[PDB]
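FYI the Cβ positions are ideal-geometry reconstructions off the backbone, even for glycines, and counts take in every protein chain you see. No value in this document is a laboratory result; all are computed from the given coordinates.
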Amino acid sequence: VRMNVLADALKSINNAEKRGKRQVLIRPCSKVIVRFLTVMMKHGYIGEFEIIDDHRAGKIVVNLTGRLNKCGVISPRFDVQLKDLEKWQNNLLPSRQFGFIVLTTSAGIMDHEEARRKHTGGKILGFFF
Amino acid sequence: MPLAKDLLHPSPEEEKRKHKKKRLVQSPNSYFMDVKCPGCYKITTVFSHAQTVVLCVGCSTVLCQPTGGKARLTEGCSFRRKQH
Amino acid sequence: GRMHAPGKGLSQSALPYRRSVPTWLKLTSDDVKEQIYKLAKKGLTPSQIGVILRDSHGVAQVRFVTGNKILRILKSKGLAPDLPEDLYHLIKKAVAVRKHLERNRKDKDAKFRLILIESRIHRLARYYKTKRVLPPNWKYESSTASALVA
Amino acid sequence: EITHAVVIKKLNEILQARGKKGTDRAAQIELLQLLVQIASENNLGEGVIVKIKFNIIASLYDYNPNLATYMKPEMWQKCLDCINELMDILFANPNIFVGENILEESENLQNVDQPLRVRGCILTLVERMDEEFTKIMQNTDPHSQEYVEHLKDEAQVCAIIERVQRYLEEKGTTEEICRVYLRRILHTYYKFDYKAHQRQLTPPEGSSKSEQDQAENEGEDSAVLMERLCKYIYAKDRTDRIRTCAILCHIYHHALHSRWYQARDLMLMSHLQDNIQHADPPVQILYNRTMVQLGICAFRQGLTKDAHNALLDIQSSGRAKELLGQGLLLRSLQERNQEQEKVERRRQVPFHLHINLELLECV
RNA sequence: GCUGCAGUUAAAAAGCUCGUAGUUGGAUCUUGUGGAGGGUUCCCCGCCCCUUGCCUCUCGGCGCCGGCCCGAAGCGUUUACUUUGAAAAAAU
RNA sequence: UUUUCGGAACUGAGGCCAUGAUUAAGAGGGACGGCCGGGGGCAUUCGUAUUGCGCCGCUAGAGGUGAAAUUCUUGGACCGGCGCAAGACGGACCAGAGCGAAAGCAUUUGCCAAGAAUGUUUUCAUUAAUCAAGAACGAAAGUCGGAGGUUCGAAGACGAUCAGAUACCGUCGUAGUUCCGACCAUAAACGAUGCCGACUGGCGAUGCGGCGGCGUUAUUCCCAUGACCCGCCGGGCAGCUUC
């Protein structure tokens, strides 16, 4: 059965980007998916997006610009502390110059570079580059 | 499907072709209609996929028979859909 | 997919987006409740009341005319039964196969299908016992089962 | 082996199989006929089996699969036998099954919602059968022997509906049962000049004069009694397309059964033409039918001016065959309808009620 | 082989189905204008509807010409998580 | 000594709150409707054929092999005809077709209980997925106790072949092969490929249910419905093609 909705949303975008398609449809929608998409959009990796109301959790249509190399999920939501975050970005990123880990923290869902300014740890959600 | 068709504006002939649960937003294919018969003329309401053998207020023995799809009327004077 | 078969068919209802009552409907909330109270005296279960009302009257969804689901409407007048709809129909099915096997002990398919019904009775009673619809001491028994539906 | 297997479960197990595709159609009559036959026993066979005596005659009409087809003569015989077999039991006792409760003998069928309106099923079962006799008479060639052999039932429908007077319990005679004496006049409103004088010029003093005879010798006086008494009760219905129709049959009484003036009287009191132009074609039949008699009776009195004044309206076009409902699908370059034609072929008057067109044109 | 292996043919998926413990489990329930540090909207005060969410005492100092105010306390449905204090032999 | 007044608790009438139920899953269960299939159990019924027996016809061979021989036959084999008996099996139609958890499942008709998919503006409302322990079913061969015994045939007795032939080829034949009641738990038990869920090209067919449509054909005179033809949607056993 469907054990996790965020893993479907990112696998569906990742298969559409590799085929060269200009749009994709995500279903079901969730509060976690809308907050994750917003972090990719603010850094310039995807275009703007629209939500459809249907009285059953809803759907999203997203616009693609061709810049995204990958996006993905770490399935157990492991806890991270500021001293251990270096080991995770050494494992998951392609260079020290670009790409982002996404964390959930009591100050909000955010970019791993913002978590250092806000002096906060959290749980891992995923990444993009 | 080409590489660039937009997903937010399907034409009504693209939407009417596909299954009721797989449309952009869901909608039934069934409907309500008003039905009338000879000999007694009090008009009555029926559902197009009925399971019941309907008897009218005019007390005729069968208004319609049930079936594996739409129910069939006993040559009644109306099959007119209600608009909403 | 189905819980005890290899099939994975898709058939189900699909409600419209618009929850409102239509302007042509002549019925009103308390007259719909009285029709529900009359149909309950005939021994009709909640699933049968909704098809009689959909087929022969204007009400497509009783919950949209009257603000309540129809098992609640019967319970608030004490008209609803004690043993619920689906658990009654599952127990009624298991006693029919047991009346077959007493004279047809070679029917090894009927022996196999009885394991798949009684394990589906156990799964549904375990759910109702945690939500206080049934006593904690409630138990299905192969000797007692005929007395549950009399 | 036991009475309450028979009168409840052995009934309801078959009586629900009315319209389903898996139905035997013949056995729905015959197994109710067995339940009426297996009725020798006390506290059943004098009484409550009347429920199956109702539901069996309801089941006779449905052997014919659809409403537009006519009943076959070989089954139609049983309807005229079995409606009388029901009515002749209404003589025996003043007390009710299949309606109100008065005595509680081994049944309680008064659990029905507003249960007295079940008793009106006797009226609908005869009204549903009077209308079906017209469907027999439209569907045999009038130029043949079979038509005259089927007119031999036109007295028998009257012999049934005339019985709905001496044996009647509804609320007295004045709630809504009065339908049966509009159905009464629908077999006398047309009856012609020779027949209307059978007690008046054919020997009036020679016939028998007891109360047994005087019920018939009232003749056309019943056709003014049933013009006047129940207008107050027919004023119950708001349906203009039923309310207006009666007067245009009633004038046809006076026009043949009395003086020509008494027909123009009830017409020019009533001013119905603009109303029947709002009403539907099967009411308009009576307006055009009656207005031509107001002209034919003017010629029969010799007043050639008022004969011309009345007849010229119908004679303003070659429409008389389409006003009878029997027009050709083509007879010029005009005719282009086909969806509506089969509705009017179902909605026209039978042969023997036609007034002759060579006579009309000569007059 | 947790990060990080493999199971059509090289070694390897129980003949098949049910099922208690174990592991895993769908959507949903409060936001934008104003000021400081910084930018050209967002992180601290105070607000559309609630900003410690309530509350009114009494043993106990404050502000002023008794009464009314502002720091404790009852405490915010219970935990994991995270960030910060305290307290932990030396040698290595 | 008694009230007052505070603390604890059983209990009655009464007006206030917008007085209190999130949705309805392209998750699952249950009802309902018309169909569908070599799916299972019990009874019933038909067809030739193979072997045996009775009676009639005619004359010298018949069987079997790469070639032979064992075997059968003038109280008559093989061949032709008519009729009777017993036990086993369901050809052709029969297909990359259907049904079942798998093992497996094909003459007629009736009876008993069960089921997938589809249709649905029915109902409950998270009841679910996968599984140590434990449990049901499980080809053929084999073991124990009854009944039957047509055909075929491990062991065995013989004829050939050959250096030998305890084999391949031929004639005969025990156990078994069929039914009833208990055991047994294995297989190249195979798609040599766990189950549940999401996404990613094109094309023509095929079985089941539903939806739409111009004609042809059948029954009654239309209508409805069956056989055919042109499209669409579910879910099924498969095929061709592509950087």
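Couple of notes before you dig in:
- Reachable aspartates and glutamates, given that their alpha-carbon falls under 17 Å from the alpha-carbon of D:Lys171 and they are not under 8 places away in the same chain: D:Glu100
- Peptide B:14-27 shows a mean partner chain C-beta count of 3 within 10 Å per residue C-beta.
- Taken residue by residue and averaged, Cβ atoms of other chains lying within 10 Å of the Cβ of D:128-140 number 1.
- 27 Å Cα-Cα threshold exceeded, pairs from B:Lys36/D:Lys236; C:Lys99/D:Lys10; D:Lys53/D:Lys231: D:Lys53/D:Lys231
- For the protein assembly as shown, with +1 on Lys and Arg beta carbons and -1 on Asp and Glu, the positive-most of D:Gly206, C:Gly58, D:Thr188 along the dipole: C:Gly58
- Here A:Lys83 is the anchor, and the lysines within straight C-alpha reach of less than 27 Å, apart from those fewer than 8 places off in the same chain, are A:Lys42, A:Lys70, A:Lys118, A:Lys123.
- Cleavage-rule hits (GluC sites (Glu not before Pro)) in the stretch A:23-129: DSSP loop, at most 16 neighbouring Cβ within 10 angstrom: A:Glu48, A:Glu113
- Both radii are taken from the alpha-carbon atoms of the protein assembly as shown; with Rh as the Kirkwood radius, Rg/Rh is 1.12.
- Sorted by Cβ density within 10 Å, fewest first, the residues A:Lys83, C:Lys129, D:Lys20: A:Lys83, D:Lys20, C:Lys129
- In this structure, the pairs whose alpha-carbon distance is over 25 Å, taken from B:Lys70/C:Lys75; A:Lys31/B:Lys22; D:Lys78/D:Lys342, are B:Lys70/C:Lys75; D:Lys78/D:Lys342.
- Sorted by Cβ density within 10 Å, fewest first, the residues A:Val102, A:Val80: A:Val80, A:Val102
- Dipole check for chain D: with +1 at the C-beta of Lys and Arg, -1 at the C-beta of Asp and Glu, and the Cα centre as origin, the magnitude is about 1100 Debye.
- Its Cα centre serving as origin, the protein assembly as shown has a Cβ charge dipole (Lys and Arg +1, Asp and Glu -1) of approximately 6620 debye.
- For chain B, the calculated P(r) over all alpha carbon pairs, in 5 Å bins from 0 to the bin holding the longest distance, is 3, 12, 19, 17, 13, 9, 8, 7, 6, 3, 2, 1, 0 percent.
- Summary of packing: across the peptides A:13-22, D:351-360, the per-residue average of other C-beta atoms within 10 Å ranks them, highest first, as A:13-22, D:351-360.
- Cβ-placed point charges (K, R +1; D, E -1), dipole of the stretch C:26-80 about Cα centre in debye, nearest 20: 180 debye
- For the stretch D:167-270, applying the loop criterion from DSSP together with a ceiling of 13 other beta carbons within 10 Å to the trypsin sites (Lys or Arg not before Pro) yields D:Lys171, D:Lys209, D:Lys236, D:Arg238, D:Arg259.
- A Gaussian network model of chain D, with springs between Cα atoms under 10 Å, assigns the largest mean-square fluctuation among D:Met129, D:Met226, D:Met75 to D:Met75.
- Taking GluC sites (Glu not before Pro) as exposed when their DSSP state is a loop state and no more than 12 other Cβ atoms lie within 10 Å, the longest site-free interval of chain C runs over C:1-101.
- Positive dipole terminus of the stretch B:30-84, leading residue within B:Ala71, B:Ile43, B:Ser30 (C-beta point charges): B:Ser30
- Per residue of A:23-30, other chain Cβ atoms within 10 Å of the residue Cβ number 1 on average.
- Ratio Rg/Rh, restricted to chain A and using Cα atoms, in which Rh is the Kirkwood radius: 0.96
- Where Rh is the Kirkwood radius over Cα pairs, Rg/Rh for the stretch C:57-150: 1.09
- Protection proxy ranking, peptides C:3-12, D:34-43, B:59-68, average beta carbon neighbours within 10 Å, highest first: B:59-68, D:34-43, C:3-12
- Sorted by Cβ density within 10 Å, fewest first, the residues C:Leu39, D:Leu168, D:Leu32, D:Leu330: D:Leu330, D:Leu168, C:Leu39, D:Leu32
- Gap separating the Cα centres of the stretch C:1-42 and the stretch C:46-124, nearest whole Å: 16 Å
- Within a Gaussian network of chain B (alpha carbon springs, distance under 10 Å), most fluctuating of B:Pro38, B:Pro28, B:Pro12: B:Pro12
- Counting only residues at least eight positions apart within a chain, or on another chain, the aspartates and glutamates with an alpha carbon under 17 Å from that of D:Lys9 are D:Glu1, D:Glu30, D:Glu107.
- Dipole-positive endmost among D:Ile57, B:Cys59, D:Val157 within the protein assembly as shown (Cβ charges, Cα centre): B:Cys59
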